[PDB]
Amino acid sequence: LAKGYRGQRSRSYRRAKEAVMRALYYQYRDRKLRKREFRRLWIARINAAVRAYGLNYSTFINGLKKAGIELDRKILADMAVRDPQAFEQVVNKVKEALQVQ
């Protein structure tokens, strides 16, 4: 046991652990960056979808929250292309929650 537990003062240990640390870093980074690329499209797409409805990503979000609708950007973005009419409903239910005087 030298890589699972107990950090030997071994000459070989120091080298193997260094390799383990480099695997961890590179992977962790690809994950985060890959994940950043998506969140990027999710918002680009959602904004673009509510344009024709007189809204922008910012207003659609701060509106969804005051209507009690709990949905993620990956779900939002998906719906807009999978079921366009259902997507329209959420928007209306949000325009209703917003425009109230």
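One rule holds for the numbers: they count along the sequence shown, beginning at 1.
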Next on the checklist: On mean Cα temperature factor in this entry, is 77-85 or 11-19 the higher one?
Outcome noted: 11-19
Checklist outcome for this item: Per the PDB entry, mean CA B-factor is higher for 20-28 or 88-96, namely for 88-96
Next on the checklist: Between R34, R51, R39, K65, which one tops the list for Cα B-factor in this entry?
Outcome noted: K65
Next on the checklist: Which third, lowest, middle or highest, does the C-alpha temperature factor of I46 belong to within its own chain?
Outcome noted: lowest
